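J.: Return a 3D structure for these sequence lines:
(chains A, B, C, D, E and F, ligands or ions: 12)
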Amino acid sequence: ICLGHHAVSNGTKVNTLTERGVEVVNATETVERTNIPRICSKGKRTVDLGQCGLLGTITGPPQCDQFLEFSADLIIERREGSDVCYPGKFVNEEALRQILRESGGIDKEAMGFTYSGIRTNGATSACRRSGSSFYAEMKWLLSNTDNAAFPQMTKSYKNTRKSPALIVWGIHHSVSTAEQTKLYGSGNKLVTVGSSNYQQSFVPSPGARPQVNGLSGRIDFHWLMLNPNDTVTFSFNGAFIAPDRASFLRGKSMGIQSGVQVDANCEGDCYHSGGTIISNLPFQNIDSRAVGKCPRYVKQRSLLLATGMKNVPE
Amino acid sequence: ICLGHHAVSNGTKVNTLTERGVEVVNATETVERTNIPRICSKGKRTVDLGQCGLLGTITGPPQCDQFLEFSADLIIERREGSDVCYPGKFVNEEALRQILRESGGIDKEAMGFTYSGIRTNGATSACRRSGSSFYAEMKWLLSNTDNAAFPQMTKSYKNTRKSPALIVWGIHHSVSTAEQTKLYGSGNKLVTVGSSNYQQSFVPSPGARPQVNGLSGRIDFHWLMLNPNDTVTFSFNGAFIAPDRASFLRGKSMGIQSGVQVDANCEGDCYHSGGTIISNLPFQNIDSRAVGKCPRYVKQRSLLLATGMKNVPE
Amino acid sequence: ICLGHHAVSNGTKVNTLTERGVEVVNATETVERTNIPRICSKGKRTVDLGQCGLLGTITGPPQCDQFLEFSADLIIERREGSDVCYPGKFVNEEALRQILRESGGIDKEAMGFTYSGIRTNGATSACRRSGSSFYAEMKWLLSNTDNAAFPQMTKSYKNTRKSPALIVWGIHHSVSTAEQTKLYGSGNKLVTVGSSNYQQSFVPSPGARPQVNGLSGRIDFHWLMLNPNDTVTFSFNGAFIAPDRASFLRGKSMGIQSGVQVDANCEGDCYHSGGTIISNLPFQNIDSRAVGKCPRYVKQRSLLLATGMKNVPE
Amino acid sequence: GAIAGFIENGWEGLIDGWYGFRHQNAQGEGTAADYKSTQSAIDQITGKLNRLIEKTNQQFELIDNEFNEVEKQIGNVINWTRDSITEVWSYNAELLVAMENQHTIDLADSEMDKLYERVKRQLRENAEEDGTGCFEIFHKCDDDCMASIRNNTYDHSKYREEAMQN
Amino acid sequence: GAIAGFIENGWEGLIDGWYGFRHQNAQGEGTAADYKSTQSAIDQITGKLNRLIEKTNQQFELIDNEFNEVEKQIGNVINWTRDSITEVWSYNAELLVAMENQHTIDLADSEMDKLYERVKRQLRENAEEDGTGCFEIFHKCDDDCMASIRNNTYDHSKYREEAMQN
Amino acid sequence: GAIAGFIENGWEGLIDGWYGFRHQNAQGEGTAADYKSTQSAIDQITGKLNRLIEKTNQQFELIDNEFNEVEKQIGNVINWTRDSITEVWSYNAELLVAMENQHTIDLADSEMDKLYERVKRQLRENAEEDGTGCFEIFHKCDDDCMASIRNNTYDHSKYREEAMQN
Ligand SMILES: CC(=O)N[C@H]1[C@H](O[C@@H]2[C@@H](O)[C@H](O)O[C@H](CO)[C@@H]2O)O[C@H](CO)[C@@H](O[C@@H]2O[C@H](CO)[C@H](O)[C@H](O[C@]3(C(=O)O)C[C@H](O)[C@@H](NC(C)=O)[C@H]([C@H](O)[C@H](O)CO)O3)[C@H]2O)[C@@H]1O
Ligand SMILES: CC(=O)N[C@H]1[C@H](O[C@@H]2[C@@H](O)[C@H](O)O[C@H](CO)[C@@H]2O)O[C@H](CO)[C@@H](O[C@@H]2O[C@H](CO)[C@H](O)[C@H](O[C@]3(C(=O)O)C[C@H](O)[C@@H](NC(C)=O)[C@H]([C@H](O)[C@H](O)CO)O3)[C@H]2O)[C@@H]1O
Ligand SMILES: CC(=O)N[C@H]1[C@H](O[C@@H]2[C@@H](O)[C@H](O)O[C@H](CO)[C@@H]2O)O[C@H](CO)[C@@H](O[C@@H]2O[C@H](CO)[C@H](O)[C@H](O[C@]3(C(=O)O)C[C@H](O)[C@@H](NC(C)=O)[C@H]([C@H](O)[C@H](O)CO)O3)[C@H]2O)[C@@H]1O
Ligand SMILES: *[C@@H]1O[C@H](CO)[C@@H](O)[C@H](O)[C@H]1NC(C)=O
Ligand SMILES: *[C@@H]1O[C@H](CO)[C@@H](O)[C@H](O)[C@H]1NC(C)=O
Ligand SMILES: *[C@@H]1O[C@H](CO)[C@@H](O)[C@H](O)[C@H]1NC(C)=O
Ligand SMILES: *[C@@H]1O[C@H](CO)[C@@H](O)[C@H](O)[C@H]1NC(C)=O
Ligand SMILES: *[C@@H]1O[C@H](CO)[C@@H](O)[C@H](O)[C@H]1NC(C)=O
Ligand SMILES: *[C@@H]1O[C@H](CO)[C@@H](O)[C@H](O)[C@H]1NC(C)=O
Ligand SMILES: *[C@@H]1O[C@H](CO)[C@@H](O)[C@H](O)[C@H]1NC(C)=O
Ligand SMILES: *[C@@H]1O[C@H](CO)[C@@H](O)[C@H](O)[C@H]1NC(C)=O
Ligand SMILES: *[C@@H]1O[C@H](CO)[C@@H](O)[C@H](O)[C@H]1NC(C)=O
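T.: Residues are numbered from 1 along each chain as shown, chains lettered A, B, ... in the order given. Ligands and ions are numbered 1, 2, ... in the order given. Sharing the structure here:
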């Protein structure tokens, strides 16, 4: 009586510690290459920011009117998104994004700032609503008349909640020194900001910038996290974009950047801009910057795992 | 004659390349879970900073009077520690901490700055000693009289030693523009600082901050490492907290943050805030931020290593 | 008939999963220790910067006259190299270096800035050519006469190319407030800079610095990458070192820092300051900061791989 | 051990299992399959897959921005780090599979040798090793006696007397 | 090889060593232990522990602050890095132990098979393989002859003549 | 399996190959070498070297500066990272070699055992196992009959009749 093992006509070459291209009876892939070109979001509270930039949700340009108090497990940023209406940018912008991506969304709260001896309804054609408007969560403070001076004001806000308060403000940089005085009067303008953890100061800087959205002026946005029971104080004399409301983080979420469509028919936990990596495999060769819960990125296209003996034909 | 192997009634399940929960005769743990809730410091020159903040050892608030020239192998920071008496903070504070944690302690040296045409004994109730005092290693320079002007002064210090000199100074931010002139006179105040490697400048910024230690003013601390034979120069006209002494690093040390007590009865090289990890094991699941010489942090609670054959009972 | 295996008198001890110092018939080294003390550059377009600092290639001090438009696969920085003639430094200097190290070299282009109502031929004895000169790619703009005022000027440059334009400018910090007015007149001097991606501002800061190259003044260099079709605008009123030409990256290269000589007789892809690591081995114990395409750095001096059976002598 | 060694090839006809018996006697030729040897090898390969097909519960998020680039210096540190980790995982992956494949092959070779030497001991001097994985019978076993070998009931004494003579 | 295969179970009575002999003859029943087989397996397991229980001389210090948080951007890069390294070591650890356990088991199985086949060759045709790890004697060995087997002195010829007949 | 076990030592005289035969008969003493066993072991060790002597195409560049130090905070994160990766590769390297060496040794031991048991089956009852890797002949083989064993042509029946008697 003779015994032996099974074999096939066409086996699969795999690699071993000692051989390259040794044929086995059966093998299975270990590196994921199959991408689904959609954001698989089944069962997740998803917010597609679209034209609203993430930072815009805090300040409130017209594109973000529907996102002022969003709530999500999954936040999607889009290339077409803008944080701004009146040309400007955020100092420490990427830190703030990473904070907001995992915030679970934001909850707004009035800071109760009232004013006397100035204006507060400053607007622009860069922020279109009914007509010329401004950042919905901000207030553009000028001097009362077409010139005049700006009273050295002092505003404070105490965080009365058990969560850190995201505070944001703006420094306005006029096109000219003339424009700066036409708005807030002449002289050295100074904005000072401090908490029980923060310590900084700001000065405007009028000058000609290139035109963006039709305007050659810029607004400098700044932010800080105000701890519970801690107070922030704004000392200013012009060129100051005041916060109207503060922001609080709702909970927990994951934020991605993507160009593909949302799909509530598929579930996924590993995302990249080109879609969702749905896989049980330990490794992937699709995108090294995939985020969420993913197989490890490896540079190899393929790595076959033997699921059978060495294939030895007649 | 029949031969065989040994076996036991109750074995230990372990994991293999092919099986999960296979029972072997004997096994041993590979991941450390046992923490000792004390800072094991036997045979080490230890400094428990207590209420003195690490950065405070350079400037000298009252809490750090006993630590102005400390010498250590092991430095312990405490939560109750403060770097400050008069409210303020350090620019690039964490870099300086990491430097000081491994400094082996500091050695102070007079910089020999003398003055003419100003005051130098500025104090405050935030720095309590005999009465109102100041930072022991610093000097609060005002104008001679309750108002008056501040002469455009120039002070230089050359590092005469073979080691880099830690230089530190302060910018005082008054509560009001009025307070700023009451101290150093009116006009634009400017502090410029440069070496053969450094290049920066500073301006005060008066304004109302919230009250800390009873005061609404702040002091901005700045620092630089002065190379051997290189000279640093201070150009100033007010709002300037001058260094009285420079600092030199003693040698080598390790710095930790902790809330547990020192114990000179046990020896350890792996520390975390909750104590000392004493172990021979290659891995640990106690604290991923443990520092010193430690087993690798792994996320698994337990990983049993077979020290015996497969256990096969009757 | 008896069978067996081969053996030798003197074997090689190696390590296994279970034994340390087990002798095998033959073994081979796995960790590279052999360094060649030259920069192996056979077949590579190499630029040895020598006394020219890398950042100097953009601004043009006399040491970099021969490197204003270099083209390379391999860039070598030298310790003796300086980016500067008139004492000063670059803000964000190391980022710019890393950019330039892989730039493949630079291509210059006139920005076409013309002037009226000022001077433009400012020089110094720190920049020696025919006599007192300046940075070849920069222009030192003063006021027309030995005093006088500086007209609030506005210069713009649009990047007309498909590649990002490296723009660089300088802020001059005079020795005294007197010197600052002697050059650009009295009053607050302001330089503002913006693009469709950039947003910043600059002010001079006169004061006494220590003497470098004989001078106590400093020039602050700043830079930005101007995207294709995007425009940068300079708003200034003095203390401004204007760019004459912009820079464009040629392609791709690798940059190293080294103290050893170039050798076109040997080929290498793994470099460090002490030479070239030529090896097929998977690991190396020569330099952990070796760059290029290298074996992995390991801390072990030696790790012998068995290439033969266990050696069992009589 | 055995495998592609003294067994020069495998049986493409054996489609009922991994390991099987092929006999020849008076009643003709037949081929079966050993379930317990096949299942043991299969369950072990299965054990590898369950352990390698694995899910991480560790979430990672963006520290990078592909719409608006982060500052170069921090950008370069990030890429440098990401690439370093890529090298490590690419290495781990390649080694893991190569190591696992070496063991899978040897394991399947082992299970064959374990089956063979068990049949050799299942009988006695009632048979001798041909050398190529075959067992020459010196008492002419029939299709019922063959089944006794397959389901492990062949008596190593109740054919001895006869087989000893031959 | 052998182990939980043709040896259906182990002896909970054998407390003197890992591997041992259990005989039966005219003088009764007895059980001993083989030192050289036990010690070889033990010394090898010991060799694994000494190599795994290992000390790093690489010191790491804080780049983080749990009293006063560092800036978010650098904070996020640090955590991202730390977590990545955690994943690597968690992986390394799990694989190491699983790999080491597989080899430890096979090694202990190997040392048994090495002992068995050495006894089988220590005699000759003076005995035959029962199949379950037992050796049937055809010359009735006594407690002195058994000791000759245990301490490796049994003569594969000075019992042959007698045993051949049976 | 075999190796430094029942073969107490190796032959420093065998310089023609890794494995060889050493016989003694009427015509004297001789020693040869088995090419197919030697080449199989050699080709496998070679396969390990080709896979380990490996080239990365991943380029890394400076994120550090040894002429002018980068800022301390980012400097410390870089060193912390570099050191962490160093620990990983130092670990990987040490484990790789130790793992590979264990397998190399066992592989060379295996190829010997595969050769031995193939000769044992190349004959029949025409020879018996001495125990120390030697085969005692009971039909006195000569230098031509020995070559028949070496180049694998020895007949396991055309010496049987004679050898059975002895
Ligand atoms: C079309 C254009 O380029 N012209 C802009 C002009 O530049 C001049 C050039 O046209 C000319 O060829 O060359 C000149 C030099 O030789 C100049 O460079 O500059 C003016 C301002 O000096 C620009 O006017 C702006 O036009 C905007 C539309 O594009 C808009 O109408 C601006 O009005 C606003 C605004 O809507 O935002 C009007 C607001 O009511 C007012 N709000 C408040 C609270 O003050 C704002 C506000 O003053 C600014 O936004 C703050 O900087 O002004 C108008 O400024 C022209 O675009
Ligand atoms: C108790 C309190 O809140 N009052 C502070 C006051 O704020 C006003 C409010 O009380 C009031 O309800 O509302 C007002 C507006 O409507 C104000 O907000 O502001 C004053 C100063 O303007 C504070 O006085 C300080 O009190 C300190 C004790 O808490 C202390 O007495 C300060 O004196 C010092 C000092 O000790 O540090 C006195 C020093 O001799 C002097 N040294 C030098 C070298 O000049 C310093 C120094 O001038 C400052 O530290 C620098 O900023 O002043 C006193 O300033 C009051 O707390
Ligand atoms: C040798 C030395 O230390 N003296 C420098 C002097 O400091 C004084 C000390 O000598 C004295 O012991 O103590 C005093 C206080 O009690 C002072 O500290 O300061 C003067 C300037 O105030 C320095 O003069 C410079 O000398 C340079 C040579 O080392 C050089 O001659 C400088 O002239 C330049 C230049 O060449 O760079 C001349 C240029 O034509 C001019 N170009 C333009 C476009 O303006 C520049 C330019 O003004 C500056 O470079 C900008 O800051 O000046 C001369 O300034 C002396 O070194
Ligand atoms: C081939 O391998 C895969 C691995 O899971 C398995 O699912 C499949 O059934 C195998 N094919 C055969 C012939 O069994
Ligand atoms: C803030 O102040 C209120 C005063 O009633 C107190 O109840 C609350 O606990 C405080 N929060 C903290 C944590 O300081
Ligand atoms: C169980 O394993 C550990 C591993 O070191 C060992 O110390 C202990 O002695 C073992 N127990 C027995 C039964 O030998
Ligand atoms: C500093 O200057 C003194 C002058 O005597 C010299 O001895 C010393 O070596 C110098 N140090 C360095 C390293 O420049
Ligand atoms: C020893 O090992 C190396 C590994 O490549 C090999 O090149 C050399 O030929 C070996 N020496 C012998 C004796 O074969
Ligand atoms: C820049 O403008 C020119 C106008 O002709 C156009 O051809 C070119 O494509 C533009 N570049 C980009 C990418 O905007
Ligand atoms: C970082 O790596 C990505 C690819 O993952 C590359 O596209 C990008 O250019 C790199 N960032 C920098 C600073 O160049
Ligand atoms: C970094 O990780 C720690 C846990 O190790 C976590 O507590 C902390 O919140 C993280 N830092 C940031 C930036 O959130
Ligand atoms: C970083 O590590 C290098 C050695 O690789 C060391 O020389 C240097 O001092 C370290 N940098 C810092 C911040 O100390």
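
J.: use CA for all of it now, contacts and neighbours both
T.: Will do.

J.: bridging residues for residue D:31?
T.: Counting by DSSP bridges, residue D:31 is bridged to residue D:22.

J.: quick one, what contacts it?
T.: For residue D:31, the contacting residues are D:14, D:20-23, by Cα atoms under 8 Å, 6 or more residues apart in numbering or on different chains.

J.: before we move on, which element is whichever residue of chain D sits closest to ligand 12 in?
T.: Going by Cα to the nearest ligand atom, ligand 12 is nearest to residue D:77 of chain D, at 13.9 Å. Using DSSP states H and E, residue D:77 maps to helix D:72-122.

J.: Then residue A:84?
T.: Using DSSP H and E, no helix or strand contains residue A:84.

J.: What residues does residue 44 make contact with?
T.: Because you didn't say which chain, this covers chain A. A:72-74.

J.: Hmm, no, I was thinking of chain D.
T.: B:18-19.

J.: With residue A:118 instead?
T.: A:141-144, A:150-151.

J.: can we see that at 7 Å?
T.: A:141-144, A:150 (Cα atoms under 7 Å, 6 or more residues apart in numbering or on different chains).

J.: Please apply the same query to residue A:176.
T.: Counted by Cα under 7 Å, 6+ apart, residue A:176 has contacts A:206-208.

J.: hmm, back to that, with distance to ligand 11 added, can I get the contacts of residue A:118 in TSV?
T.: Shown next, in TSV, are the contacts of residue A:118 (distance: Cα to the nearest ligand atom, whole Å):
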residue	distance to ligand 11
A:141	34
A:142	37
A:143	40
A:144	43
A:150	39
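
J.: By neighbour count, which of those residues wins?
T.: residue A:142 (28 neighbours; other Cα atoms under 10 Å in any protein chain shown).

J.: can you pull up the bridge partners for the nearest residue to residue A:297 once chain neighbours are set aside?
T.: Spatial nearest neighbour of residue A:297, chain neighbours left out: residue A:284 (4.9 Å); criterion: Cα to Cα, 6 or more residues apart in numbering or on different chains. Beta-bridge partners recorded for residue A:284 (DSSP bridges): residue A:32, residue A:297.

J.: Now do residue A:284: how many residues are near it, please.
T.: For residue A:284, using other Cα under 10 Å, the count is 26.

J.: just residue A:112 next, same as before
T.: Neighbour tally, residue A:112, other Cα under 10 Å: 12.

J.: show me the contacts for it.
T.: Here residue A:112 is in contact with no residues (criterion: Cα under 7 Å, 6+ apart).

J.: secondary structure class for the residue of the stretch 201-314 of chain A found nearest ligand 11?
T.: Here the residue of the stretch 201-314 of chain A nearest ligand 11 is residue A:252; by Cα to the nearest ligand atom that distance is 12.0 Å. Taking DSSP: H, G, I helix; E, B strand; the rest coil as the rule, one finds residue A:252 in the coil state.

J.: That one reaches residue A:102, doesn't it?
T.: Yes: the criterion here is Cα atoms under 7 Å, and residue A:252 meets it with residue A:102 at 5.4 Å.

J.: Neighbour count: the two, which is higher?
T.: Per other Cα under 10 Å, whichever of residue A:252 and residue A:102 has more neighbours is residue A:102, with 21 against 15.

J.: Spatially nearest residue to the more buried one, not counting backbone neighbours?
T.: Residue A:102 sits nearest to residue A:253 (Cα to Cα, 6+ apart), 4.4 Å away.

J.: so after the helix or strand where residue A:97 lies, what's the next helix or strand?
T.: According to DSSP H and E, residue A:97 maps onto helix A:93-101. Per DSSP H and E, the first helix or strand lying C-terminal to helix A:93-101 is strand A:106-110.

J.: What pairs with the following helix or strand past that next one, parallel or antiparallel?
T.: Next along the chain after strand A:106-110, taking DSSP H and E as the criterion, comes strand A:124-128. Within its sheet, strand A:124-128 is paired with strand A:132-133 (antiparallel), according to DSSP bridges.

J.: So which elements touch the following helix or strand past the partner strand?
T.: With elements assigned by DSSP H and E, the helix or strand that comes after strand A:132-133 is strand A:138-140. Judged by 3 or more Cα pairs under 7 Å, 6 or more residues apart in numbering or on different chains; DSSP states H and E, strand A:138-140 is in contact with strand A:240-243.
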